[PDB]
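**Q** these chains are from a complex, not moved at all, and more is on the way:
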Amino acid sequence: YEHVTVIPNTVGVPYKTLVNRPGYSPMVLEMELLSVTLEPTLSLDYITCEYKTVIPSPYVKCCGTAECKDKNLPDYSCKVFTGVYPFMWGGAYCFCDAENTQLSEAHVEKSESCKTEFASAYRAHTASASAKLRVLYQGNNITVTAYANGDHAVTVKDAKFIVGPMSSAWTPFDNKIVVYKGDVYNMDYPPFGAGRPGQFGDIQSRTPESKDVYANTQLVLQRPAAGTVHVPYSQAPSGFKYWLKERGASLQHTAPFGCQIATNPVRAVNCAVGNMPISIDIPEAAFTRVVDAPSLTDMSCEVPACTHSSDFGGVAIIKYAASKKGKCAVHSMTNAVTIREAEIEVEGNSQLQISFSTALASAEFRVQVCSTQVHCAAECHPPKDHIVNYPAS
Amino acid sequence: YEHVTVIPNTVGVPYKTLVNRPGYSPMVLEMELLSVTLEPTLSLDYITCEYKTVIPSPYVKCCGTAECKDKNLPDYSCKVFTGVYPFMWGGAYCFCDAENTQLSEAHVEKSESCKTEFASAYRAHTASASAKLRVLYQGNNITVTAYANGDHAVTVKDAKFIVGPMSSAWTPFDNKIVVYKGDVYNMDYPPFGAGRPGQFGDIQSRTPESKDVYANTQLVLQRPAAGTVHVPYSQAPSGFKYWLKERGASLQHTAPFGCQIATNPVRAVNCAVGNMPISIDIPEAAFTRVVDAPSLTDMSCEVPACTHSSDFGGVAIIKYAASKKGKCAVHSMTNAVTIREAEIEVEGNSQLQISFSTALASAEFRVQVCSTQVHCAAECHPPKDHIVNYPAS
């Protein structure tokens, strides 16, 4: 027997459903969402890391002129300085006084760390559903973990479970995201080949192992000091190193609805929003004909104690007259009151104690025991605490 | 100097643009699209193949009863047949006449072929476009391959090229696709754990090397023949084998806009539709001041031959009077006529022959040679062919 039900996308709240197969005794199932996964479809634009300013030994031409060769390298910079007289350990390196030159060449490359220390620039398109949920089937708690697409079926205790498809459609991620180790940031990063010096994206590469790189660092060579062999330069500091200090809190801490952000793959776990359908194909092996059950007559409902709260703060005693010994289902016919007991045992002229939860001060509710209904009168009182540590219906 | 231009998304048609930097002599660039692939992500749902009905030796219990054991196997079927009297080579296998039983057990597994012969069920999300543009820069054809997002910059001959972003987003693939070897089908396949017998998805597995499998084949054991040892059964034939015969033509043959479908990884190649922008940052080293050019005067235009077609079916001779020897740009000031020549050489009292393409029968067009304009009168005739094998403006 296929049972279709819709529950809100709220983790930690137990929801009860009445399964009524015609000709068979009613069944009550308790369902609770333990966690809800939203995985977005990603497309890597580029990756950013620390840059390496590769500077070789300067070509000091004694008694002559050196010439710059235009090289096809990222951020390639070249300059020749006239009238240089450099000094070494044992004296002057050159013979001439003013007829010497120094060729200072430089270029920007990806640092050795880029394979380990890097930030990935992703473009989030669409996302999917998928999460797990528990359910008390036949007086035992069972764990069900499946994709919330409404296609992925999972069989637990000979019962087929179909979760989803998700009602919404909200995600904490934007159309452009940035991922560093275990932190995800909603960033409007610069496009590929449009990075600025000193900012996030000053060095852009396709993958941490990629060959060709983009570099905009504003590298300019300076004239060396008097009698000194060195390559002085003016360059904007690493944009990635600066961002790692001035990025702030990630989505894990800033996202609404209490979203938990996980990595590898990047997805949002536990997120309250919208509803979710759940189909349960209960086997006929767990059903019992009505005839095989008992009836009930003259019923009276007395409420000796009631406190309107999030938990079952109400106690109710129901008197009855049963035809025979058997199991009867207990369910509240009022949407404001919820019963803790799913099924109880009856015999003849006896009584039953049930725990109930309600929000109303004056509660007039109908309780369906087996196939017969009884009216309950209750005057519930306010609780001592205004704020509670657990969610309710 | 940054030059922004918009060309239609049409492969095989050359487009000419006039680059006019104030104070510098005009420049003509001929661009032509080469290709425009399209790759879209895809999350493998499952894989389907031929199934294997694993049937062991039947347990024939002579003078006794055999009992079925409930096994956790895909499509596990068990049955015990009473009053069996089987025969072998040397006579009867059992002593008793009617007190014998036969246990017939069966289950469905993935065939050995599943590693080789299989169809993959993918879920297509978003697509990433990648191409190829030919540019006649400084009398030489250059190849530019970049992402059409309007961010990925490529430098060829010291000129920065920015392609895109795309005007439009159409793909021949739907949200659900099926891939078999080199053929892609737009199929609305059944979800994981919801396959029907005899249909595509009767056997569902995560990967061709996966351990656990889903099976719905409608397998029922039958009673064996009189004095015969065999396991007769009724089962719906392989859904994958049936689909391989009744699938029809793939996307490669049915897709619009003349799409070519490639595999490993799947993606659409060659597709027209919409326009595309192109930004070219031409270096200042490829520009020449105007003061370093010449002029012209008195110019008559004679058209000895014209045939209105997709190609340059028109010939035009322009007479002139030049001040000095230099290069002058040739461009049609009429949007209906296109000139093959971008630049020519002038001297003094001479002439020039140019090739032109037009659609109109009566063509009155202005040709701008250097900085002076000339009126051309042409009476073009129809071509021999009604259908051509190359696109035009």
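**A** Yep, it's here. Residues are numbered from 1 along each chain as shown, chains lettered A, B, ... in the order given.
**Q** residues from chain A in reach of chain B?
**A** A:41-43, A:45, A:125-126, A:128, A:149-155, A:160, A:190-194, A:214 (C-beta under 8 Å from any C-beta of the partner chain). Heads up, the C-betas are built off the backbone N, CA and C, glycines and all.
**Q** Of those, which count as buried by neighbour count?
**A** A:41-42, A:45, A:125, A:128, A:149-154, A:160, A:190-194, A:214 (16 or more other C-beta atoms under 10 Å in any protein chain shown).
**Q** Can you pick out the ones from the residues you listed that are in strands?
**A** A:45, A:128, A:153-154, A:160, A:214 (DSSP state E).
**Q** and the residue nearest to the spatial centre of chain A, what element?
**A** The residue lying closest to the centre of chain A (C-alpha atoms, centre = their mean) is residue A:268, at 1.5 Å. Assigned by DSSP states H and E, residue A:268 falls within strand A:267-269.
**Q** what sits against residue A:361?
**A** A:308, A:379-382 (C-beta atoms under 8 Å, 6 or more residues apart in numbering or on different chains).
**Q** for residue A:380, that is, sorry about that
**A** Residue A:380 sits next to A:306-308, A:313-314, A:358, A:360-363 when contact means C-beta under 8 Å, 6+ apart.
**Q** just to revisit the earlier point, tell me the one among the ones in strands among the buried ones among the residues of chain A next to chain B nearest to chain B.
**A** residue A:153 (3.1 Å; C-beta to the nearest C-beta).
**Q** Quick check: that closest one vs residue A:113, distance?
**A** Distance from residue A:153 to residue A:113, counting by C-beta to C-beta, to the nearest Å: 46 Å.
**Q** try residue A:246
**A** Between residue A:246 and residue A:113 the computed distance is 19 Å (C-beta to C-beta).
**Q** can you check residue A:386 too?
**A** Applying C-beta to C-beta, the value for residue A:386 to residue A:113 is 53 Å.
**Q** Same check on residue A:379?
**A** Residue A:379 sits 70 Å away from residue A:113, going by C-beta to C-beta.
**Q** residue contacts, residue A:24?
**A** Counting by C-beta under 8 Å, 6+ apart, residue A:24 makes contact with A:287-290.
**Q** May I see these arranged in JSON lines, with secondary structure and distance to residue A:21 as well?
**A** Shown next, in JSON lines, are the contacts of residue A:24 (DSSP: H, G, I helix; E, B strand; the rest coil; distance: C-beta to C-beta, whole Å):
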{"residue": "A:287", "secondary structure": "coil", "distance to residue A:21": "6"}
{"residue": "A:288", "secondary structure": "coil", "distance to residue A:21": "10"}
{"residue": "A:289", "secondary structure": "strand", "distance to residue A:21": "10"}
{"residue": "A:290", "secondary structure": "coil", "distance to residue A:21": "10"}
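**Q** Further, place chain C onto the existing structure:
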Amino acid sequence: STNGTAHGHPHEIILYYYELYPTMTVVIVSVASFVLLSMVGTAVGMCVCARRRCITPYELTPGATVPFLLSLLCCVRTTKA
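**A** Below is chain C, added to the chains above:
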């Protein structure tokens, strides 16, 4: 938290505001205003109807006074001088 006593009377009624709220009370107040308007409209209609009754006998000549008391407060005071 915020206890929502029952009453009474009224009193507690306003206490509930804190419990489930922003709103609630304002809508009730609007309803009360509408009720007051209905009450006021009825009274205005009643006064016009009272005129409709005193009509005819609005010309002149003896004849109430008379039924002018018993007489819906005008009636009289009205008959007289």
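**Q** The contacts of residue A:361 again please, this time with chain C.
**A** Counted by C-beta under 8 Å, 6+ apart, residue A:361 has contacts A:308, A:379-382, C:4, C:6.
**Q** ranking the residues you listed by neighbours, who comes first?
**A** The most crowded member of those, judged by other C-beta atoms under 10 Å in any protein chain shown, is residue A:380 (23 neighbours).
**Q** Residue A:107: how many residues sit nearby?
**A** With other C-beta under 10 Å as criterion, residue A:107 counts 19.
**Q** Contacts made by the host helix or strand of it with the rest, please.
**A** In this structure, residue A:107 is located in strand A:101-110 according to DSSP H and E. Contacting residues not belonging to strand A:101-110 are listed as A:49, A:51-56, A:58-61, A:64-68, A:71, A:73-82, A:84, A:86, A:203, A:205, A:210, A:213, A:215, A:217, A:219, A:221, A:224, A:231, A:233 [C-beta under 8 Å, 6+ apart].
**Q** strands paired with it, and their directions?
**A** With DSSP bridges as the test, strand A:101-110 is paired with strand A:51-54 (antiparallel), strand A:59-61 (antiparallel), strand A:77-82 (antiparallel).
**Q** who touches the last one?
**A** Read that as strand A:77-82. With C-beta under 8 Å, 6+ apart as the test, strand A:77-82 has contacts from A:65-71, A:101-107, A:219-221, A:223-224, A:233.
**Q** What segments of chain C are strands?
**A** Going by DSSP E, chain C shows no strands.
**Q** picking up where we left off before, okay, the nearest residue to the residue nearest to the centre of chain A once chain neighbours are set aside and residue A:274: tell me how far apart.
**A** Excluding the flanking residues, the one nearest residue A:268 by C-beta to C-beta, 6 or more residues apart in numbering or on different chains is residue A:38, at 4.3 Å. Residue A:38 sits 11 Å away from residue A:274, going by C-beta to C-beta.
**Q** In terms of packing, which of these two has more residues around it?
**A** Neighbour count, other C-beta under 10 Å: between residue A:38 and residue A:274, residue A:38 has more, with 24 against 15.
**Q** quick one, helices of chain C?
**A** Remark: helices assigned in chain C by DSSP state H are C:12-15, C:25-54.
**Q** now could you export just the CA positions of the shortest one as CSV?
**A** When you say that, I think you mean helix C:12-15. Output of helix C:12-15 as CSV, limited to C-alpha atoms (Å, rounded to 0.1, in the frame of the first residue of the first chain):
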residue,chain,number,x,y,z
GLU,C,12,-5.6,38.6,30.1
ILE,C,13,-7.2,39.0,26.6
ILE,C,14,-4.6,41.6,25.9
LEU,C,15,-1.9,39.5,27.5
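**Q** How far does stretch A:380-389 sit from its chain's centre?
**A** Stretch A:380-389 has its C-alpha centroid displaced from the chain centroid by 32 Å (C-alpha atoms, centre = their mean, to the nearest Å).
**Q** and chain D on top of that:
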Amino acid sequence: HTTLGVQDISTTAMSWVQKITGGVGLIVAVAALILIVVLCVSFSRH
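**A** Now chain D, sitting on the chains shown earlier:
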């Protein structure tokens, strides 16, 4: 759970207040009709 749009209890008390409103509306409606009736009587009298 819980959380929802009323109205709800608390019965009795609730009825006490509700009963106070709308009665006067009925009164003025009846009075209006009665005034119309008398007006028609005058119209007939003329």
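**Q** again for the contacts of residue A:361, chain D present now?
**A** Residue A:361 neighbours (C-beta under 8 Å, 6+ apart): A:308, A:379-382, C:4, C:6, D:9-10.
**Q** Spatially nearest residue to the residue in chain C that chain B sits nearest to (excluding sequence neighbours)?
**A** Closest residue of chain C to chain B, C-beta to the nearest C-beta: residue C:20 (40.4 Å). Once flanking residues are discounted, residue C:20 sits nearest to residue D:3: 6.7 Å by C-beta to C-beta, 6+ apart.
**Q** Is the one you found in a helix, a strand, or coil?
**A** Following DSSP: H, G, I helix; E, B strand; the rest coil, residue D:3 is assigned to coil.
**Q** quick one: the residue nearest to the centre of chain A and residue C:71, what's the gap?
**A** Distance from residue A:268 to residue C:71, by C-beta to C-beta: 79 Å.
**Q** same check, this time on residue A:357
**A** 62 Å.
**Q** Could you check which of these two is surrounded by more residues?
**A** residue A:357 (23 against 18).
**Q** I'd say that one and residue A:392 touch.
**A** Yes: if you go by C-beta atoms under 8 Å, residue A:357 and residue A:392 touch, sitting 6.8 Å apart.
**Q** Burial check on the residue in chain C that chain A sits nearest to, number of neighbours?
**A** Residue nearest to chain A within chain C (C-beta to the nearest C-beta): residue C:1, separated by 0.4 Å. Residue C:1 has 12 neighbours, counted by other C-beta under 10 Å.
**Q** list the contacts for it?
**A** Shown in contact with residue C:1 (C-beta under 8 Å, 6+ apart): A:385-387.
**Q** How about residue A:7?
**A** By C-beta under 8 Å, 6+ apart, the neighbours of residue A:7 are A:15, A:31, A:33, A:275-276, A:278.
**Q** Please flag which of these sit within strands.
**A** The members of these that map onto strands under DSSP E are A:15, A:31, A:33, A:275-276, A:278.
**Q** Please pick the buried ones from these.
**A** Using 16+ other C-beta under 10 Å as the threshold, A:15, A:31, A:33, A:276, A:278 are the buried ones among the ones in strands among the contacts of residue A:7.
**Q** could these go into CSV alongside distance to residue B:91?
**A** Shown next, in CSV, are these (distance: C-beta to C-beta, whole Å):
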residue, distance to residue B:91
A:15, 67
A:31, 62
A:33, 66
A:276, 66
A:278, 60
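**Q** Which of these sits closest to residue B:21?
**A** For these, the minimum distance to residue B:21 (C-beta to C-beta) is 61.1 Å, reached by residue A:276.
**Q** doesn't residue A:166 make contact with the closest one?
**A** Yes: in terms of C-beta under 8 Å, residue A:276 counts as a neighbour of residue A:166; the distance is 6.1 Å.
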